[PDB]
Every structure is written in C-alpha cells, then in structure tokens.
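A note on names: the letters A, B, ... follow the listed sequences, proteins ahead of strands, and every chain is numbered from 1.
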Amino acid sequence: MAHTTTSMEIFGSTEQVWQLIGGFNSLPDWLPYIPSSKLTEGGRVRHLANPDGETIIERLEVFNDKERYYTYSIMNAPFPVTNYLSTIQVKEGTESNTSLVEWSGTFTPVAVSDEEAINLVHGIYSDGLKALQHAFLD
Amino acid sequence: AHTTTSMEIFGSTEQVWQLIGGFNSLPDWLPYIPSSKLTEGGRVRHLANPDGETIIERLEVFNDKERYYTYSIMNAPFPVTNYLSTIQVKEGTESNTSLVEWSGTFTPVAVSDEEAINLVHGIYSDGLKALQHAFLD
C-alpha cells in the first residue's frame with residue numbers, strides 16, 4: 001500500500017534529461033554516490049556499487065523510450081522495504097529547455113513504520129533529483 | 001508492410017523469457033547474430049551478422065511481466081526503413097511450453113513488399129526455429 005513521489009523542474013530539455021538518465025546502466029552519469037554500474041542478464045539487471053564497495057542489484061521491469069520512463073524493482077538492497085517498485089519519468093517541462101522529472105515508488109515497509117520507509121525512500125529520490133539538477137548546472 | 005511468425009518453444013514462459021528477454025542476449029539464441037554489445041546504458045545494441053555486417057538497433061519498449069520488448073532498427077543491410085519489431089513470449093498450450101511471437105512493421109526501400117517481407121520473415125522464422133531447437137538440447 002505504501003507509496004511516495006517527488007518531482008522537480010530540471011533545467012534541461014526533455015531530450016537532454018532523458019538522454020542523460022534514460023539509460024538503465026547510466027546512474028553514475030548523474031549520481032555521484034554511485035561510482036560504478038554494470039548490467040547483467042542481457043541488460044535487464046543493474047549492479048550498483050556505492051563507495052563502500054557494497055553492491056545493490058535492481059531489476060528492469062518496464063521501459064518506454066518515447067514516454068520517457070523506466071520502472072525497476074529491487075533484488076538486493078539494505079532498505080527496510082519489500083514489494084518495491086519504482087518509476088522515474090521525464091515529463092514535459094514548462095519551457096522547451098526544462099523538464100518535470102517525477103520519481104515515485106510503491107512498497108511495503110518491513111520492521112519500520114510506513115512513515116519511516118516513506119521518508120527514507122522520498123529522501124533517496126529527493127537527493128537524486130538534486131544531483132540531477134546539479135548535473136545540468138554543469 | 002508487416003509480417004509475423006510464431007513458434008511453440010519447449011520451455012516455460014519463465015525459461016524462454018529468461019533466455020530471450022535481454023536486449024544484449026541475441027547471440028545466446030540467434031545464429032544470425034553471433035556478436036552483440038550495448039551502448040547508451042543498454043538502450044542501443046551493436047550487432048554483427050555472420051557476414052560481419054553491423055546492425056544497430058534501439059530499445060523502444062520493454063515489459064518484463066508481459067514478456068516482450070520492442071525495438072527499432074537504426075542501421076542494417078536490409079532494404080527497409082522505419083522498421084519496428086516486437087518479440088513476445090506468450091503463454092503456451094501448457095505450463096511447460098510457450099508461444100513466441102515475432103512481428104515487424106516496415107517500409108521497403110527500392111524493393112517490392114514481397115521481397116522485403118520474405119527477407120524479414122525469413123530471419124524471424126529461422127530465428128524461432130533455432131530457438132525451438134535450443135530447448136530440445
């Protein structure tokens with residue numbers, strides 16, 4: 001049942017932003033705390049390594065190039081949630097040089113309150129979008 | 001012009017999709033594509049056919065639960081353009097089998113509809129044929 005979403009106007013056209021973040025294996029191109037990422041299963045699974053060397057494994061669930069979004073689930077991660085599904089989408093901005101990037105997720109809290117899982121997940125999305133904004137500031 | 005071909009494969013939808021669902025997995029089951037590599041974070045694949053000719057295709061749609069992916073051909077040695085193709089693993093007659101469907105839509109270039117269709121359908125047909133022989137080994 002639990003869900004959360006955060007949005008931000010990124011200062012880049014829909015094409016620039018999706019070009020940058022549309023790649024399932026491209027998180028390190030815009031997320032500083034994810035130094036490296038590799039794909040397995042023909043490109044359906046991504047292995048994300050944080051500075052620690054600890055690796056998170058996520059599965060590609062849906063991808064749509066023209067609607068500019070992809071949905072993924074978590075296979076291996078240290079977050080207190082299960083039944084995790086997340087979608088990041090690049091919607092039309094108010095101008096041709098901006099984008100409304102929306103990051104949302106649905107999950108079931110495990111061992112923590114719905115409120116804590118929600119705050120943790122929202123915090124992850126919010127940090128990522130700020131990082132995306134920074135990437136476009138150059 | 002469009003064309004479609006289907007083939008029963010002797011493996012569960014789960015087994016068949018595990019093998020053919022990856023965008024970079026053609027060499028794992030398709031003889032016509034001995035080599036493949038991804039660029040653009042996995043959105044594009046550079047292929048080489050048995051003649052060493054390169055083919056560049058882009059991932060358009062992917063749905064793991066519905067077991068299908070759609071792609072466009074950007075560069076290829078085929079007399080066609082505006083080519084879009086979809087491969088899908090549908091439930092078979094029973095739990096241990098699955099129906100694989102491969103279809104494409106395309107505008108032929110300098111050739112007739114029949115010539116274009118045969119070329120494409122020929123690749124599809126030969127591919128699923130090779131795919132069905134794999135689940136017999």
With sequence neighbours left out, the residues meeting side chain to side chain contact (heavy atoms under 4.5 Å, CB included) with A:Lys91 are A:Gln89, A:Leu100, A:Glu102
Between the CZ atom in A:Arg44 and the CG atom in A:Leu39, the distance rounded to the nearest 0.5 Å is 11.5 Å
Residue set satisfying side chain to side chain donor-acceptor pair (under 3.5 Å) with A:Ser126, at least two apart, ordered chain then number -> none
A:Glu92 meets the side chain to side chain donor-acceptor pair (under 3.5 Å) criterion, sequence neighbours left out, with A:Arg68
Distance col, row A:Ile88:CD1 vs A:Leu132:CG, nearest 0.5 angstrom, shows 7.0 Å
Please table the atom pairs, donor to acceptor, closer than 3.5 Å between any side-chain atom in residues 108-123 of chain B and protein atoms at least two apart or in another chain.
from: B:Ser112; atom 1: OG; to: B:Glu115; atom 2: N; distance (Å): 3.2
from: B:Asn118; atom 1: ND2; to: B:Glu114; atom 2: O; distance (Å): 3.1
from: B:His121; atom 1: ND1; to: B:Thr3; atom 2: OG1; distance (Å): 2.9

Problem - Connected via hydrophobic side-chain network under 4.5 Å: B:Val89 and B:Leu136 - result: yes
Would you give me the side-chain donor-acceptor pairs under 3.5 Å for residues 74-85 of chain B, sequence neighbours excluded?
from: B:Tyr83; atom 1: OH; to: B:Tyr124; atom 2: OH; distance (Å): 2.5
from: B:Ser85; atom 1: OG; to: B:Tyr71; atom 2: OH; distance (Å): 3.3
from: B:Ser85; atom 1: OG; to: B:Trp102; atom 2: NE1; distance (Å): 2.9
from: B:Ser85; atom 1: OG; to: B:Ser103; atom 2: O; distance (Å): 3.1
from: B:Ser85; atom 1: OG; to: B:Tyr124; atom 2: OH; distance (Å): 3.2

Review item, side-chain donor-acceptor pairs of residues 19-37 of chain A, under 3.5 Å, at least two apart:
from: A:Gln19; atom 1: NE2; to: B:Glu40; atom 2: OE1; distance (Å): 3.4
from: A:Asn25; atom 1: ND2; to: A:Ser37; atom 2: O; distance (Å): 3.3
from: A:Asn25; atom 1: ND2; to: A:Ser37; atom 2: OG; distance (Å): 2.5
from: A:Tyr33; atom 1: OH; to: A:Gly128; atom 2: N; distance (Å): 3.2

Contacts satisfying salt bridge (charged side-chain N to carboxylate O under 4.0 Å, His left out) that involve residues 47-57 of chain B (not counting sequence neighbours) are B:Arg45-B:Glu57
NE2 of A:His3 to OG1 of A:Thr106, rounded to nearest 0.5 Å, is 9.5 Å
Applying ring-ring contact (aromatic ring centres under 6.0 Å, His included) to B:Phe135 and not counting sequence neighbours gives none
Contacts of B:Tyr68 meeting ring-ring contact (aromatic ring centres under 6.0 Å, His included) (sequence neighbours excluded), chain-then-number -> none
>> Checking A:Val101 against A:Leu129 for the side-chain contact (heavy atoms from CB on, under 4.5 Å) test, could you report, in this order, the C-alpha distance in whole Å, the side-chain angles of both residues, the deciding distance, and whether it holds?
In response: CA-CA 8 Å; A:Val101 181; A:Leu129 296 186; 3.7 Å; yes
Those residues at least two apart in sequence (or on a different chain) that pass side chain to side chain donor-acceptor pair (under 3.5 Å) with B:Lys65 are none
Closest non-hydrogen atoms of A:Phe63 and A:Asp65, given as atom of the first, atom of the second and distance, are CE2-N, 3.5 Å
Side chain to side chain contact (heavy atoms under 4.5 Å, CB included) filter on B:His2, not counting sequence neighbours, yields none
Note, A:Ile56 side chain near A:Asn50 side chain (heavy atom, < 4.5 Å)
no
Identify all side-chain donor-acceptor contacts of residues 4-16 of chain B below 3.5 Å with residues at least two apart in sequence or on another chain.
from: B:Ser12; atom 1: OG; to: B:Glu14; atom 2: N; distance (Å): 3.4
from: B:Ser12; atom 1: OG; to: B:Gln15; atom 2: N; distance (Å): 3.0
from: B:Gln15; atom 1: OE1; to: B:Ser12; atom 2: N; distance (Å): 2.9

